[PDB]
There are 2 protein chains.
Amino acid sequence: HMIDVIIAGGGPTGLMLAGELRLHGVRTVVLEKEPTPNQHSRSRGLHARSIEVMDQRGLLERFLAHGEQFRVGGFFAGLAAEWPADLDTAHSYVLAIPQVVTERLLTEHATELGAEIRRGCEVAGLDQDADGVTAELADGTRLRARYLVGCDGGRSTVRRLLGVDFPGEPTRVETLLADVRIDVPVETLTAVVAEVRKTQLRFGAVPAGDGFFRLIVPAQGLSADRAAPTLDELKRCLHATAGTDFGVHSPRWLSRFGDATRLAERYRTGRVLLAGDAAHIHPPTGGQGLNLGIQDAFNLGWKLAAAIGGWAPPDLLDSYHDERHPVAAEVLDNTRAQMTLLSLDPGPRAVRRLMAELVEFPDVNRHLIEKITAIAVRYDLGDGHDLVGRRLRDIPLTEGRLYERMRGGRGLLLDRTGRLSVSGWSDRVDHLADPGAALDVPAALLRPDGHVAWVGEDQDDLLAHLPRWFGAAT
Amino acid sequence: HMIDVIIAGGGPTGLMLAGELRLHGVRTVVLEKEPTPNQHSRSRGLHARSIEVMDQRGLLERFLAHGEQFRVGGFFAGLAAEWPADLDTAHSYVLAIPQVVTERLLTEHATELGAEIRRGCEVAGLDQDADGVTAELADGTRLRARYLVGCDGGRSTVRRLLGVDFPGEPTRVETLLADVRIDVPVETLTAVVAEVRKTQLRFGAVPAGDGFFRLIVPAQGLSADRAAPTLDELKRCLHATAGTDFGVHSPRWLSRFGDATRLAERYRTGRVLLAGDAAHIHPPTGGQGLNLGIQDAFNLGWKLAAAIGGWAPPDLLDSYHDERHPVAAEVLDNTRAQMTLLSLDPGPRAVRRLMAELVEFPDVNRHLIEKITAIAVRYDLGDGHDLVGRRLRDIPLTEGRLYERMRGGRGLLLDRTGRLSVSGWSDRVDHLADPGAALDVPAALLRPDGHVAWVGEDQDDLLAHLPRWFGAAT
Ligand SMILES: Cc1cc2nc3c(=O)[nH]c(=O)nc-3n(C[C@H](O)[C@H](O)[C@H](O)COP(=O)(O)OP(=O)(O)OC[C@H]3O[C@@H](n4cnc5c(N)ncnc54)[C@H](O)[C@@H]3O)c2cc1C
Ligand SMILES: Cc1cc2nc3c(=O)[nH]c(=O)nc-3n(C[C@H](O)[C@H](O)[C@H](O)COP(=O)(O)OP(=O)(O)OC[C@H]3O[C@@H](n4cnc5c(N)ncnc54)[C@H](O)[C@@H]3O)c2cc1C
């Protein structure tokens, strides 16, 4: 019938959201401005919680088929350190996979599930009322739906049109990124990079396989125009930072970015929501935007589908803002911390030497990696038990593993007591009755995003907790 | 006969040095510029390694009689945190004692041991040759000795006259200190301080008992003259930082200081040495200068006495620079780290929030406190064994404790094997033959400063190690 949800923007956030909505029959149209997929790959991989999320939906096998697992140092502000031996996840690794391939994989999955991706379609305006949202496209055509989600990136058109304030710290430091060929061998390049880095940690060089290299080099001041830089400006900035320009020539990508950290004041404005870079910006350098955007979509999907299905309780959609807005605030702040630790100044450099001492302690190294990989996220769901609000890691069952049972994106009561029941909610919550499950609690109610809503062994207590995330008994 | 050592400056460094030299019969003259002891107290106490040092020389009882032990939070960059439960010392506390009382106690001890303190005597010039040093005093009188130690503070006359370069980071931030009366009650003062501190961590207020308060408040810019500030400038800086000047009036101390960190390039220039603030400056805010200066004197004393006694091996005096110059470098750097963690800027403030998370880990809290209390100092004495180069904490003996045997300031072989011997060195090294001593090594050779020179059980190995710190067998 009518479109249920329109998603502005077909990046990883919107695509992951499209997939989550299609698990529940939601008619979903992604409006993506560009007529062909973008080929400039941003992130080089995925962290554990994103890896876990893919596995909960059955996508990890294809992700591992298109990537390489590794466990090396340096993921927090570039501080080299052994991989934490006791990270609290069954997916304790980093998945090296270009974001272009991540976007392809999410596009194929969204399409195979029946999301309608429309390329060449730019949202230019919106008009919402009590029953839905009309998106106005740049060619004058109009689309109606029940909800509209702005997943349209850091310069979100939806955010601007809503007037949602974007407070934070403005850009004070700019950085250039170029994918260019060089007139010197690779060995010369990497030797100079290793040397410059001892002074200037913001400089970096990563080969792509085809003789192109990705160069990251500080800009000279801020720019008046905030536009893309020219090859000559790249040479100016390379000369100042490294002494040589390595004969950079024939760019295939020239870009600029700032260290601004901004956070949308409201993730929800009536029937219109924001997710991903549309809801928060922060530097690509030490940022986590790809993971953060995917996990915004993972938080919002089942809740918005519940709204469409008619069973969402009255505060459910608002729990999206209430849970994900604090998470982004902490990512933004921790990324500011990391940028400082990369600074040239003698003060920050002294702090960096201290941090290097501290990361030799396993519980520091574990603390920093669990933070940035997002496995440590805890929503405040108002209970004392430590598990409540955290995502439950994958655990062995009698046969199989917990994440194998989550592919429908529904709720899950993991019950070892042999006694509890979610009858009245079975259409929304499965009953995983397995006393051999390797979890040292009597039972735990898991929301569709894997976050623990409740731990206990009393049926009446279980019943009192169900309506909050799963609505009324039917 | 002739003066053996002249000490320029009668601060805690020079006084502690005077005491260490008098343990060995060294004729010692302290030339102190001021005619009467200074009554402005700087440090408010002593940290564990300084406490340990006093106990090794039998002074702890009088220090504890004039001070209060406490174990609270906040000693590293003001980060509140429980006292580390497993600090690796028998003296695991902080000793609150005004530095004026510390200076009195060290003066009485130096005098009771026969050091000659001469007040009103300002070193103005020096002339050294192959056999000694002549100090020229500001009134034209001249004094000859074998060695001269500049313990004359951060603007050392001896350092300047030697031409020893003082490299480091210059002052970029100034701070005011005032001991003043206020026109508001104490409760009003502390409430405003608690509030301002949430923004500006460099602000502080500490009562003295007599209705005077010590105020620490950022200066406005740098000063052209670098002189003492006026009451009006204090009001200007208080108004800018806290909104009110609390009716400050009738100062009894007005002062300014900068955050410069400088380190003398050579602790020794022929027969002239530097110790304490004469060899290194760094901010009083997060600094450790009182402890650091006392422990410089503790390193130099027995070595300089060995030179006077005629048995010092050829490199012994140079080991003073080689051991204490790296220690000061790390104190200076760690103090820069702490100053950054107190900064107003959003970057440093983000790093501070991270550090607050990390200090909740016991091994972080222990690491930071053991660093600043100096118990973690390890000289590179070229051995693999972890104890070698570290000071040995106080340990129970069969009866009594190790530090009770160190009051002569001589070497000590702690021997549990029942077999070793320092015969040939007995005048310089005592033999503590106690198999019940609570140390899980066969034996350890301790230098007169308590630092472990050697761990083993083989007599021939013990013999090969003695000459390095104790000279030739007699
Ligand atoms: C150089 C670089 C390196 C990075 N490295 C990492 C990393 O290592 N780890 C990490 O976690 N993150 C990293 N990131 C961040 C990550 O790339 C972004 O956070 C991620 O792309 C966010 O996805 P998104 O779907 O929210 O938004 P985007 O990918 O920006 O996509 C939004 C989509 O909206 C479309 N669009 C825009 N306006 C409209 C409109 N009006 N109508 C319709 N469609 C519209 C755009 O065409 C685009 O396809 C990096 C980013 C960069 C630039
Ligand atoms: C406000 C403040 C707070 C501090 N708080 C702490 C703290 O909490 N913890 C800590 O560890 N440290 C602290 N310190 C640092 C500590 O006070 C100094 O490091 C300590 O005084 C160093 O002692 P010193 O003997 O080397 O030098 P100084 O105490 O400076 O003494 C040198 C002496 O030389 C004399 N003199 C100078 N020139 C001559 C000359 N030409 N001839 C003869 N005599 C001369 C001076 O009169 C003086 O008595 C603080 C310092 C200040 C100012």
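Residue numbers begin at 1 in each chain, while the letters A, B, ... track the order of the sequences. Just so it is clear, the values below take in all heavy atoms, side chains as well, and ignore hydrogens, waters and symmetry mates.
Contact check for B/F76 versus B/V359: no side-chain heavy atoms found under the 4.5 Å cut-off. In this structure the side chain of B/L439 reaches within 4.5 angstrom of the side chain of B/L414, judged on heavy atoms. Considering only heavy atoms from C-beta on, B/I372 comes within 4.5 Å of B/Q338 through its side chain. Here the side chains of B/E330 and B/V377 are not in contact, with every heavy-atom distance at 4.5 Å or above. By the 4.5 Å heavy-atom criterion applied to side chains, B/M54 and B/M16 are counted as neighbours. Proximity of A/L342 to A/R352: side-chain heavy atoms (C-beta onward) are separated by under 4.5 Å at one or more points. Looking only at side-chain heavy atoms (C-beta outward), B/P283 and B/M339 come within less than 4.5 Å of each other. No side-chain heavy atom of B/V327 sits less than 4.5 Å from a side-chain heavy atom of B/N299.
Checking each of B/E169, B/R336, B/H280, B/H282 against B/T261 for a side-chain hydrogen bond (donor to acceptor under 3.5 Å, both in side chains) leaves exactly one that passes, namely B/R336. Among B/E370, B/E82, B/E360, the one residue that satisfies the side-chain hydrogen bond (donor to acceptor under 3.5 Å, both in side chains) test with B/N365 is B/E82. Here the options are B/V173, B/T171, B/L177, the test is side chain to side chain contact (heavy atoms under 4.5 Å, CB included), and the partner is B/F257; only B/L177 passes.
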Query raised in the report: Would B/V422 and B/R428 count as a side chain to side chain contact (heavy atoms under 4.5 Å, CB included) if you check the C-alpha gap in whole Å, the side-chain angles of each, and the deciding distance to 0.1 Å?
Result: CA-CA 9 Å; B/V422 300; B/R428 288 151 292 179; over 6 Å; no

Report task. Using the side chain to side chain contact (heavy atoms under 4.5 Å, CB included) rule, take B/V452 and B/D383 through it: C-alpha gap first, then chi angles, then the decisive distance, then the call. Result -> CA-CA 10 Å; B/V452 172; B/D383 195 73; over 6 Å; no

Requested in this report: Could you give me the CA-CA distance, side-chain angles and deciding distance for B/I308 and B/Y147, then say whether side chain to side chain contact (heavy atoms under 4.5 Å, CB included) is met?
Outcome: CA-CA 9 Å; B/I308 298 308; B/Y147 292 85; 3.5 Å; yes

Report task. Apply side chain to side chain contact (heavy atoms under 4.5 Å, CB included) to the pair B/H451 and B/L445, showing each step before the final yes or no. Result -> CA-CA 8 Å; B/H451 281 260; B/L445 180 62; over 6 Å; no

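Across all non-hydrogen atoms, the minimal contact from B/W425 to B/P467 is CZ2-CG, 4.4 Å. Contact between B/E32 and B/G11 at its shortest, heavy atoms only, is OE1-N, 4.1 Å. Residues B/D318 and B/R268 approach most closely at OD1-NH1, 3.1 Å, considering heavy atoms. When every heavy atom of B/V158 is checked against every heavy atom of B/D152, the shortest pair comes out as N-OD2, 2.9 Å. In terms of heavy atoms, A/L344 sits closest to A/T199 at CD2-O, 3.3 Å. Smallest separation of non-hydrogen atoms from B/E457 and B/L420: O-CD2, 3.6 Å.
In this structure, OG on B/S50 lies 9.5 Å from CG on B/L95, to the nearest 0.5 angstrom. Atoms NE2 and CZ, on B/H109 and B/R22 in that order, are 11.0 Å from each other to the nearest 0.5 Å. Atom-to-atom distance recorded for B/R447:CZ and B/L381:CG is 5.5 Å, nearest 0.5 angstrom. Taking CD from B/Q295 and CZ from B/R49, the interatomic distance works out to 6.0 Å, rounded to the nearest 0.5 Å. Taken to the nearest 0.5 Å, the OG1 atom of B/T373 stands 10.5 Å off from the CZ atom of B/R366. How far OG of A/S343 is from CZ of A/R349: 7.0 Å, rounded to the nearest 0.5 Å.
Shown here is B/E68, whose CD atom has no more than 12 heavy atoms of other residues, nucleotides or ligands within 6.0 Å. In B/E112, the CD atom is crowded: over 12 heavy atoms of neighbouring residues, nucleotides or ligands sit closer than 6.0 Å. No more than 12 heavy atoms of other residues, nucleotides or ligands sit less than 6.0 Å from atom CZ of B/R44. Atom CG of B/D386 sits in a crowded spot, with more than 12 heavy atoms from other residues, nucleotides or ligands closer than 6.0 Å.
Under the 3.5 Å distance criterion, the side-chain polar atoms of B/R271 are left unmatched by any main-chain donor or acceptor of B/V133. In terms of modelled atom types and a separation under 3.5 Å, the side chain of B/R160 and the main chain of B/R155 share no donor-acceptor contact. Checked by atom type and distance alone, the side chain of A/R353 never pairs as donor or acceptor with a backbone atom of A/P348 at under 3.5 Å. Under a 3.5 Å cut-off, the side chain of B/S92 and the backbone N or O of B/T89 do not form any donor-acceptor pair. A side-chain donor-acceptor contact under 3.5 Å links B/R378 to the backbone of B/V388. No donor-acceptor pair under 3.5 Å is formed between the side chain of B/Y320 and the backbone N or O of B/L300. Side chain of B/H24 to main chain of B/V26: no donor-acceptor pair is present (N/O by atom type, distance under 3.5 Å, no hydrogens or angles). When atom types are taken as modelled, the side chain of B/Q128 and the backbone of B/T269 share a donor-acceptor pair closer than 3.5 angstrom.
Checked for salt-bridge contact, B/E20 and B/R57 meet the test: a charged N lies under 4.0 Å from a carboxylate O. Between B/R405 and B/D430 no salt bridge is recorded (no basic side-chain N to carboxylate O distance below 4.0 Å). Between B/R159 and B/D165 there is no salt bridge, since no side-chain nitrogen of the basic residue lies less than 4.0 Å from a carboxylate oxygen of the acidic one. We find that B/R391 and B/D449 are not joined by a salt bridge, their nearest charged nitrogen and carboxylate oxygen being 4.0 Å or further apart. A salt bridge links B/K371 to A/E357: one of the charged nitrogens lies within less than 4.0 Å of a carboxylate oxygen.
Using a 3.5 Å distance cut-off with no hydrogens or angles, the side chains of B/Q56 and B/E52 do not pair a donor with an acceptor. For the residue pair B/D415 / B/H431, a side-chain donor-acceptor distance below 3.5 Å is found, with atom types taken as modelled.
Ring orientation note: the planes of B/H325 and B/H321 are close to parallel, at an angle under 30° on the 30°/60° scale. Between B/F70 and B/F75, the ring planes lie tilted relative to each other; the angle falls in the 30° to 60° range. Using a 30° and 60° split on the angle between ring planes, B/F470 and B/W311 fall in the parallel class, below 30°.
The cationic atom of B/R324 (NZ for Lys, CZ for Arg) does not lie both less than 6.0 Å from the six-membered ring centre of B/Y267 and within 45° of the ring axis.
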